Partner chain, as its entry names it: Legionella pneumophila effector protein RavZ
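Only one chain is included here, represented as structure tokens and corresponding to the form deposited without its partner chain.
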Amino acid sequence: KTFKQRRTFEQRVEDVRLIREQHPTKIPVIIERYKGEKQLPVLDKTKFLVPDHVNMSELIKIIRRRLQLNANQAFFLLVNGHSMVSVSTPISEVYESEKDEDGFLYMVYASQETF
């Protein structure tokens, strides 16, 4: 069901290596709906190439636009299992400290801050 489940550590590593080769300026991001989530829809896909200059605040806006949410629907985004300490950090910086050992940056979203 979840991404890590569907692809071997070997396969995830090689896809990150291909994104480096073909999209050197993009951060490889996995974005998944919390398996408990009731309100928010599921995304059209799982794997995103994010321009390395966008900050977490702009990534949240991007995903809210992708889900086509409205002003008073809630949205929380966990990175590498935990709350973001700041939304102003460039995703290049966030990647370097929060990346998985496979090379992806893992994110999960929910309507509840209590995931």
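Residue numbers count along the first chain shown, from 1. We call the rigid core whatever largest set of C-alpha positions still superposes within 1.5 Å between the two forms.
- Structural divergence in 9 other deposited structures of this protein between 19-27 and 6-14: following superposition by the core, 19-27 has C-alpha atoms lying farther from the shown form.
- Comparing the deposited coordinates for 49-57 and 64-72, the stretch with the larger average C-alpha B-factor is 64-72.
- Stretches compared: 21-29, 8-16. Higher mean C-alpha B-factor in the entry: 8-16.
The next section is about a form of this same protein that is not shown, the form deposited with its partner chain bound.
- The closest heavy atom approach of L77 to its partner chain in the bound PDB entry falls outside 4.5 Å.
- Residues of 53-83 that come within 4.5 Å of its partner chain in the bound PDB entry, judged by any heavy atom, are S57, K61, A71, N72 in sequence order.
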